[PDB]
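The lines below spell out each chain.
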Amino acid sequence: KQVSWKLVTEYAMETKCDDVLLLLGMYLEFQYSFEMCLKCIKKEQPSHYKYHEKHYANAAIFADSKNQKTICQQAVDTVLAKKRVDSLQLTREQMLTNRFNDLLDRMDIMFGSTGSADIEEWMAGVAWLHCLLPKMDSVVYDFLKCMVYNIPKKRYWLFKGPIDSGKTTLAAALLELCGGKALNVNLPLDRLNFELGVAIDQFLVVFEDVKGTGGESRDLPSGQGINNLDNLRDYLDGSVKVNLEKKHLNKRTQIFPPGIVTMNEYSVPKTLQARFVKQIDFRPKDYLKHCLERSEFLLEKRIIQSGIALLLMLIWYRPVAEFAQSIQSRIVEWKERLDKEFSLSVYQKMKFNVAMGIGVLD
Amino acid sequence: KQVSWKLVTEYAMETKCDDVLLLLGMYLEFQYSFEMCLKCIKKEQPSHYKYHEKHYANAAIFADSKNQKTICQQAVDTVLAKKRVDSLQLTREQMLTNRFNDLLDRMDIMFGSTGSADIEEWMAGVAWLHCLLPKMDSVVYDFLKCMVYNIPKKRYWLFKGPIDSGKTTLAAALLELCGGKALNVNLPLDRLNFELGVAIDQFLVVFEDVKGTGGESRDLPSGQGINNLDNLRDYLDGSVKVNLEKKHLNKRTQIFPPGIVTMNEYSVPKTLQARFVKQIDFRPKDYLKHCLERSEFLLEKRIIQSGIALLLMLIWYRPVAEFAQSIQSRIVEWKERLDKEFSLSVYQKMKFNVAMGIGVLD
Amino acid sequence: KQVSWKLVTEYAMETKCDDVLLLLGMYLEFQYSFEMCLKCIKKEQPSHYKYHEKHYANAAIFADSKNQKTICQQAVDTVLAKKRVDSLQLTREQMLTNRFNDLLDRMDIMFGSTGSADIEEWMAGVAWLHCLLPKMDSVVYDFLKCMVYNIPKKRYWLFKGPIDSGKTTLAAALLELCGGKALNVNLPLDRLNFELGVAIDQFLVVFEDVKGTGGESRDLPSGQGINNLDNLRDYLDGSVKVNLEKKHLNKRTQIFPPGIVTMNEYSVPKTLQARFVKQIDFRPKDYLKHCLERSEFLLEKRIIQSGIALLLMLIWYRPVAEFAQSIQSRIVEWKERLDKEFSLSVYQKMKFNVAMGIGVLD
Amino acid sequence: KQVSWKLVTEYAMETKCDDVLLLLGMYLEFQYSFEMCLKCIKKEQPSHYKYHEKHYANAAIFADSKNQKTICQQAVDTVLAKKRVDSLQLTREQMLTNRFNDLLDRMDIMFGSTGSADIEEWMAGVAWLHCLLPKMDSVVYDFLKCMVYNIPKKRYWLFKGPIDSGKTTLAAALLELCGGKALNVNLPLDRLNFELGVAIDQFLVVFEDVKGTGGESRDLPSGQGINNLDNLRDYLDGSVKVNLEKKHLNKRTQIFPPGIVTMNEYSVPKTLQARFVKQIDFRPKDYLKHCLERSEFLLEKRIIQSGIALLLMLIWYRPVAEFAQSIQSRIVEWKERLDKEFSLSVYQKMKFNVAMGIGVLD
Amino acid sequence: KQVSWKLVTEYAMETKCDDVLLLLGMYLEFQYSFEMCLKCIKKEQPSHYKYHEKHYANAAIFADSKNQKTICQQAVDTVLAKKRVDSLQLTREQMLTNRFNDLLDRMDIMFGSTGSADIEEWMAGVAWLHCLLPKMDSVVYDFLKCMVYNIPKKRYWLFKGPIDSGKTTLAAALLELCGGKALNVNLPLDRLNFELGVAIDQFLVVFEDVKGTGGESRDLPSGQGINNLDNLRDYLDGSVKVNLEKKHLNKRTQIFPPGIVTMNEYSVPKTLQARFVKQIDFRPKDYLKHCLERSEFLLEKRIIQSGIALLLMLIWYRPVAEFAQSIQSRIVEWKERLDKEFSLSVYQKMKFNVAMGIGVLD
DNA sequence: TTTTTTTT
Ligand SMILES: Nc1ncnc2c1ncn2[C@@H]1O[C@H](COP(=O)(O)OP(=O)(O)OP(=O)(O)O)[C@@H](O)[C@H]1O
Ligand SMILES: Nc1ncnc2c1ncn2[C@@H]1O[C@H](COP(=O)(O)OP(=O)(O)OP(=O)(O)O)[C@@H](O)[C@H]1O
Ligand SMILES: Nc1ncnc2c1ncn2[C@@H]1O[C@H](COP(=O)(O)OP(=O)(O)OP(=O)(O)O)[C@@H](O)[C@H]1O
Ligand SMILES: Nc1ncnc2c1ncn2[C@@H]1O[C@H](COP(=O)(O)OP(=O)(O)OP(=O)(O)O)[C@@H](O)[C@H]1O
Ligand SMILES: Nc1ncnc2c1ncn2[C@@H]1O[C@H](COP(=O)(O)OP(=O)(O)OP(=O)(O)O)[C@@H](O)[C@H]1O
């Protein structure tokens, strides 16, 4: 009896899988008895346990096929085709709206009954992040709209401050929230072409840790990056399309994505200073160090790195109207959860503790 | 029954699509019952909502096919094949006439009942552009004549001026108008081999901000561009066919397109200067800057970059006799719509406002 | 019923096509009723309207087929096979005789009843070329013999002088006449290898403006050209076979064709000097400059650089016995047409006009 | 009603054709009625007229097939396979015995009833050749045996010095005689590692004007040639197998053929120089130029570069005992014809003219 | 009826053929009747005449097949798989035991029914091999222990001493008995890092003459050798797995095999010598060069290079118990064939002919 | 499988 290629493709769509080998392996597992499946019973992975029951029948026939890799190819093509349709047609607002739906799906599992994540510890993260910069929550909302509107010239933000001052931590959480990529531009100029190649179809980019020239008088090690950026004006201003390259692959032409730049106190040419919308100073604050020293579970679980943490901050601080209308229904349910889960006083006690440099919890 | 490969080919032809994945993803959207299609109801994409109902039945059968990518590859071949047939058999004038028809179709949508753009905002951009150079519309017609005739060794125009004097802005508009590609010649002198490969079958090309060398009193970063261009005199001259290459492709051969070179005020080896028909000196101007600062919607919607803006200028300024005969019919209708919309006094008000450096609209 | 692959192959033989996409594109056009076919009614392209009625019945079936690119590939390889058989078995004289029939056929169209070209404008071109050098028509007869005899280490002519001397123009016309290829050697020493692969099965080749070294003493930037050719002596000599790459293909092995090298004046190693059988120096002549400046349809139609103009020059000047015996009938016909179409006095006055730098015509 | 792939393969064997396009082109000629075949009637090519009638019926059925290239690919592979099997099984003396039978069969045609050339002219060539250096036939007989006995690190003779010494002239004739290959050392060593792959299954090889270093006293431009000679010294010595590259097929390892190499009088180290046997740089004899100047049909017909000239010279001079036994029949058969044509006084008269700078005949 | 794919696969295992072209070619020969197969009748090639009669029926049907190359590809895969299994499963001991069995089978063939070799020739070869230093049969055998044992550190000896000493000739000869390869060492380690990877998967390895840094100052031309291996702490030592590259490949890495190094009488820093268990000076000693000046067959038929000569030096001097335990049966029988034909005294005449430079054969 | 890349 015949295999349904359709049922495979539906699984690939719903897992959003795009690796042929990864798709193949997981479908083959469904061939074993669903009714006894140990992986189902232990509820180990949703991509398995949500689906084994449905696909078991087809997986048995799949296991006898001789066309196995061919079936998977057509399935994975369908997922890649969907992405390319989306990329060429969605509004940037709708792109973001999808991305939040994915994070909210993950949170539903994480804080579920089988979920590992301690909603209390993750809210300790938000308390710490909200201390990192004044008006933190508004700053995020401003950055977000800036990426969505993507207005020419008004496109790029500068993070400035000493080593161990948090700028990478915040950048990483934003990049997770938005699904960009990091880039390094300190290379010899000829090398840049495949670096910039990374940007293709990305929503954000982060230029990490740009080195200037001079300031080794202040022990800042010198390098190319500042001068390279001054030479890339059209990519920053983002008014016109540019050509981007990948290894073995034809060039593609597109608007260069908006993004973030991070540095120590190198001297910045006035040319570059005109490019940035906002400069944010990061400074080491001694009380945060002593707090982290007493609340290491933040680092151990990588809480303060995560876009998941920033999304919780937005849900706590921003009005429901500020989110894209379609997801507001989920937002209200999460607001309701958090309102039930914490009094404002217990949350505010954490902020006070962080200001004491004391461990977050008491 | 069975898939009609013919219907898929027709869809590819009508959408003028030449990505196999985009075609695949697009066609798959039609598999759902037409009568409920929210994309149709929301009138989001004409390349969807025109076609769903017609293609529906075959899209459902296609969804079951075991052969899907083969069908799409054949369809994309016919679209690519038509481009090559046209490249060899059309006159350069006919090409331009076709390109204009496409832009005019986009203009029918933009300013159509879907109401999706403001014809007044777009007309403001023409005022700002008609300021950017003396006799601006005459310069466009001369450039168009130059590009249609394609006189050998009289094929290239040189743009120079300081930074911030609009030259890439003007190049971008001409490039969207004609169709073509930009190129970067400041590369290492080997990968030029693949860089120049982008010129294949194009109509224009633009070489962007070619770096000269030395004279650093000019405060100009040095690079390969000028000396490297002087090693490519042949490609400018366009007197004989040349050989062109892409990744994994064996060489095409054809005449290298006509086009534009842009640079800062470096000094030119006159052997290359001998290959430029005409040279245009851009100046920074204050009232442009002040007007533009008070007219930001121009930039926020990329109006002054966009080929539609130049086409609107020609329609306003030029006699109907100057257009190729078949589109004179559409040109007349657009002229009527413009004169209906705008008095000459309104246009003169706008131009005076640009000259006054106030926000254009008053 | 089924597609005839044989009929497709026959059309490819008839058209002497080579791009599988060009073949595919053009054959698809026949699917519409030739009865109505607008292109036929315009009589626009002979490659179409001579064949549409014949191929229509089979094109309708081809339009449905699932194999289309496969059918086309077989036909293209049939044409390529024919070329290889010809290349291995014709005398060089017969090859040229075939090539001349192709030009004569086009000329029968050029000045046919459809008569898109004016024979008087085209004859004006011949006068300008005959003026360009001493004994021009004798020089052309010499060059043809040299290329046909293909005597080893007596195979290459060097053109040199200043810029705008016309050397490229003359090369371009000779190249068109014999149907060679043009090659660049001012290039990366590695990728020369795929570059030279173009010359497989070609009758003739031309190297363009081969850059010398130490040239900038004379205002000429130095380059790879001479530095490359001094290696390739065996390719010039044509005394022994050499082996030729193509991308994704194993090497051919054959004698490298005879040809021409152009340069602006540079120092030549005496080793390389020994391998050019003839030297020609070209000089600017301001009366020619003024004449083209008036008679600019010469440039716009590219008349002065067509091999058709050289063929016409030979027809006017050379005895019929100098032509290969087969074509002598068509030669007598065209001689008679031309002697009828122009007096000697007309041609004499054209020369005086050109000599006097006035526009050619009065 | 079906193609005999066997009959196709027999033609490929009997022609010893080993190019798939060449065979394809060849066989398709047979589809027309051999009855009318102008090539047959003309006795145009033996590869045609011997075979047309035999293969006609099969060729008509082949002309309709849809597998045409696949059929030819299998046929070509049997030819390459046969070469490989002979290549390892046969004695080096046995190889030459086959090669000579090939050339003799050609001479049968050249001087046949078709008689397209005449032994008169060719013997004048022999006179010019045997004149060129002392005792020429003997030193050829030596070089032959050297290549049969193939002593390791003793496999190579060299010629050096003046341009137009004739060293290429001598080399080319030897290569046409043996059926070796020629290769170029002067490319980047990496490219050589692929290029040397052509040496597969060759009795003999040569390399021409390999660019050494120094010799600037003689204005010789230095290069990578000797660098890569100094590299490949195992290939030179043939004391061991080494690997040989191909595209789309495995590289194969075997011992390397013997040969000749030639250069201008560059430097090259004695870690080479000592190896070689019986090297002769030889230098001009001007009166030969003057005979040549008067006997130019030699060069036009490439006679003094044809290996057929050498074979005629050996037939003329050498005892019948000097040759392998089977061919001694045909040796005598030809040696009769030389006597039957020529008195000694003919050859004597020729060598007077040659010695005395007049054209060979009087 | 149909081709047995199985029978074709047997012949590949039988002949150990592993080239698809050779397999195809030889198998096609069997299509004629073995019954009067003249190759069989002449007994020329066992790889033919041993098999023809069995395979004939299958070969006839094979010659009629249309899939022929596909059949052969599978058969060659079989032999390749068979090899790759053994390469992973077996000990160096077992591997070397098989290798002796093969070379002893070549010994059997050489001195076989044909008498194609006369062992006295190889006694003279062995007598020459004996000359170099005392008991060197044992010292070879003891090195071969070091090779099989591959005990860490205890892996490497150094062949010091000048040109033509045979030291590379002998090191190469072991590659017949054992496989392996030699490599250069005289760039800075910088480049040699791209060259070390040819040591991968080698049974054993060899290294060419270590130059001293600036060694021209020591009258031995320069190259950066010693300071490279002064500092490659581990590579010759070989406890744990090393890291390596073949230029433009990847770091598949494992143990660095044991091997030989040589030098042309250069100097040695301590950490270079620490790489070896031994260092020995090799010279082209006076009577030895004189005996080669007087003894020729030992070079002419490559005896001095062949592994067969090394095997016989061991059979002539190593006692049976030292050999591969089952092969010792054959070792006795060859020892018998030695003693059957030579006393040690007649062999001592040869030793003394070498020892006093007079020609060996006597 | 090459090609492109990588090296350069
Ligand atoms: N504002 C801060 N005050 C004190 N300590 C900080 C602060 N921000 C970060 N930290 C400490 O610095 C460590 C590294 O943080 P982070 O990577 O964000 O710093 P950074 O300045 O962006 O570094 P880099 O420039 O190296 O990428 C954190 O794990 C934490 O221990
Ligand atoms: N003539 C002008 N005078 C003043 N400001 C100008 C002028 N033209 C452009 N601008 C401003 O400069 C910005 C950049 O324009 P554009 O990028 O085309 O110029 P450019 O710097 O000269 O270009 P290029 O990249 O070719 O060197 C515009 O978006 C506008 O804000
Ligand atoms: N002898 C001449 N006298 C004056 N003008 C000339 C002459 N020959 C050519 N021209 C002008 O020079 C233009 C370029 O000619 P052409 O490209 O053949 O010259 P070239 O010497 O080969 O140049 P380059 O070195 O730039 O390739 C022609 O189109 C014509 O306008
Ligand atoms: N003995 C000779 N005297 C004069 N000219 C000679 C003599 N031998 C050969 N030549 C000339 O040398 C020309 C080229 O021959 P060939 O290519 O064999 O020489 P070559 O020394 O190998 O040259 P190169 O080093 O330039 O390749 C011949 O066409 C002939 O005219
Ligand atoms: N002891 C010897 N004396 C003289 N000649 C010898 C001796 N041994 C071998 N030969 C001959 O010299 C040739 C070269 O020997 P080989 O290359 O092995 O010496 P080498 O000392 O390793 O030299 P190099 O240091 O130059 O590589 C041998 O193949 C053989 O023909």
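Our subject in this report is the structure included herewith. (Residues numbered from 1 in each chain as written, not as in the entry; some residues may be left out. Chains lettered and ligands numbered in written order. Part of a larger assembly, values for the part shown. Heavy atoms only, no water.)

### Focus on the overall build of chain A
Definition in use: For the purposes of this entry, the term helix denotes a DSSP run of H or I that reaches at least four residues, the term strand denotes a run of E that reaches at least two, and both are numbered from the N terminus. Note on classification: 1.4 Å probe, protein chains only; a residue is buried when its accessible area is under 20% of the maximum for its type, exposed when over 50%, partly exposed between these limits. Values of accessible area rely on a 1.4 Å probe in the Shrake-Rupley scheme; residue burial ignores everything except the protein chains shown. Counted as positive: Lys and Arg. Counted as negative: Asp and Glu, with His and the chain ends omitted from the count. Charge coordinates come from a single atom per side chain, which is NZ of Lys, CZ of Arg, CG of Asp or CD of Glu.
Along its length, chain A carries 19 helices and seven strands. Considering only C-alpha atoms, chain A reaches an extent of 75 × 55 × 40 Å along its principal axes. Considering chain A as a whole, with its 362 residues, one finds that 47% of them fall into the buried category. If you sum the accessible surface of chain A, you get close to 18400 Å²; carbon and sulfur atoms cover 52% of it. Treating the 49 positive side-chain charges of chain A as one cloud and the 45 negative ones as another, the clouds have centres 5 Å apart.

### Re the site of ligand 2
Threshold: Nearness of a residue to a molecule or strand requires only that one of the residue's heavy atoms be within 4 Å of it. For this classification, the nonpolar set comprises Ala, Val, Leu, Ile, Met, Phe, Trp, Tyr, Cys and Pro, the charged set comprises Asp, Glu, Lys and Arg, and every other residue, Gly included, is treated as polar.
The environment of ligand 2 is made up of 18 residues, and the closest members are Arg 233 of chain A together with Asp 164, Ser 165, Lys 167 and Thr 169 of chain B. The local environment of ligand 2 is shared, drawing residues from chains A and B. Summarising the interface, the protein chains cover 89% of the accessible area of ligand 2, which totals 640 Å² for the free molecule. When residues of the shell around ligand 2 are traced back to their parent elements, those giving at least two are α13 (233–237) of chain A together with α10 (167–178) and α15 (286–293) of chain B. The leading source of residues in the shell around ligand 2 is α10 of chain B, at three residues. A class-by-class count of the residues in the shell around ligand 2 yields seven nonpolar, four polar and seven charged.

### A short note on the site of ligand 1
Residue and element names in this part refer to chain A. Let me state the cut-off plainly: In the analysis that follows, any N or O atom pair within 3.5 Å is treated as a polar contact, provided that within protein one partner can donate a hydrogen and the other can accept it, and provided that, for residues neighboring in sequence, both atoms belong to side chains.
Every one of the 14 residues lining ligand 1 counts as a neighbour, but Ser 165, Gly 166, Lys 167, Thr 168 and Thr 169 are closest to it. One nitrogen or oxygen atom from the side chain of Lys 167 is found 2.7 Å from an oxygen atom belonging to ligand 1. Here an oxygen atom of ligand 1 and a side-chain polar atom of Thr 168 are 2.5 Å apart. Within the complex, the protein chains bury 75% of what would otherwise be the 640 Å² of accessible surface of ligand 1. Elements with a contribution of two residues or more to the shell around ligand 1: α10 (167–178) and α15 (286–293). Considering each element in turn, the shell around ligand 1 owes the most residues, three residues, to α10. Tallied by class, the residues present in the shell around ligand 1 amount to six nonpolar, four polar and four charged.

### Observations regarding the relation of the copies chain B and chain C
For the pair of chain copies, the relating operation is a rotation around an axis with a shift along it. What counts, and what does not: The superposition of copies relies on a least-squares fit of their C-alpha atoms.
Turning chain B through 59 degrees and shifting it by 1.6 Å along the axis lays it on chain C, with an RMSD of 0.8 Å. With respect to symmetry, the two chain copies, as superposed, fit the operation of a six-fold axis. Relative to the rotation axis, the closest C-alpha in chain B is found at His 248 of chain B, a distance of 7.7 Å.

### Here's the deal with the environment of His 248 of chain A
With respect to the secondary-structure elements, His 248 of chain A resides in the loop between β4 (242–246) and β5 (249–254). Under the relative-accessibility criterion, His 248 of chain A is labelled exposed at 68%.

### Overview of the pairing of strand β5 (residues 249–254) of chain C
Residues in a regular strand project their side chains so that they alternate between the two faces of the sheet. Where we set the bar: A pair of strands is treated as paired once DSSP finds two or more bridges between them.
Summarising the sheet, strand β4 (residues 242–246) of chain C and β5 of chain C pair through four bridges and their orientation is antiparallel. Bridged to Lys 246 of chain C within β5 of chain C is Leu 249 of chain C.

### A few points about the interface of chain B and chain C
Heads up, the condition is: By definition, residues are in contact when any of their heavy atoms lie within 4.5 Å. A simple way to read buried area is as the amount of 1.4 Å-probe accessible surface that goes missing from two parts once joined, with both sides added. The term salt bridge refers to a side-chain nitrogen of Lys or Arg lying within 4 Å of a carboxyl oxygen of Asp or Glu.
Opposite the 41 residues of chain B that make contact, chain C presents 44 residues. In total, chain B and chain C occlude about 3700 Å² of area from one another, counting both sides; carbon and sulfur atoms represent 50% of this. Our enumeration of links across chain B and chain C arrives at eight salt bridges. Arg 84 of chain B serves as the salt-bridge partner of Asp 19 of chain C, at 2.8 Å between the closest nitrogen and oxygen. At the surface where chain B touches chain C, the tally comes to 19 residue pairs in polar contact.

### Brief notes about the sheet that holds strand β2 (residues 181–183) of chain D
Residue and element names in this part refer to chain D. Filter applied, for reference: Angles here are taken between N-to-C directions and fall from 0 to 180 degrees, while the axes themselves are lines fitted to C-alpha atoms, restricted in helices to the stretch in contact.
If you walk across this open sheet you meet the four strands as β1-β6-β3-β2, and the pairing is parallel. This sheet does not close on itself; its edge strands, each paired only once, are β1 (156–159) and β2. Between one strand axis and the next, the sheet turns through 20 degrees on average, direction left out of account. Where β2 lies against strand β3 (residues 205–207), three bridges are found, and the strand directions are parallel. Following the sheet pairing, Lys 181 is matched in β3 by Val 205. The strands touched by helix α9 (residues 136–149) are β1 and β6 (259–262); relative to β1, the strand with the most contacts, the crossing angle is about 140 degrees.

### Describing the interface of chain C and chain D
By a frequent convention, interface size equals the accessible area lost on bringing the separate parts together. Every contact between the two is made by 43 residues of chain C and, on the other side, 43 residues of chain D. Carbon and sulfur atoms make up 53% of the area that chain C and chain D hide from each other, which totals about 3700 Å². For the pair chain C and chain D, the number of links is six salt bridges. Residue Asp 230 of chain C is joined to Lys 211 of chain D by a salt bridge in which the shortest nitrogen-to-oxygen separation is 2.8 Å. Taken together, the connections running from chain C to chain D amount to 15 residue pairs in polar contact. Elements with a minimum of two residues in the side of chain C that touches chain D: α1 (5–15), α6 (68–89), α11 (192–196), α13 (233–237), β4, β5 and α14 (270–273) of chain C.

### Notes on the relation of the copies chain C and chain D
Overlay of chain C on chain D (RMSD 0.7 Å): rotation 58 degrees, translation along the axis 0.6 Å. Comparing interface residues between copies, only 9% of those in chain C also sit at the interface in chain D, which points to a heterologous contact through distinct surfaces.

### Describing α6 of chain C
Side chains of residues three or four places apart in an α-helix project in the same direction, reflecting 3.6 residues per turn. Our working definition: Expected span of a helix, by definition, is 1.5 Å for each gap between consecutive residues, and there is one gap fewer than residues.
Spanning 22 residues, α6 of chain C covers 32 Å between terminal C-alpha atoms, matching the ideal 32 Å at 1.5 Å per step. Of the residues making up α6 of chain C, those classed as buried are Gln 68, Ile 71, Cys 72, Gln 74, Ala 75, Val 76, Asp 77, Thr 78, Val 79, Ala 81, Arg 84 and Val 85 of chain C.

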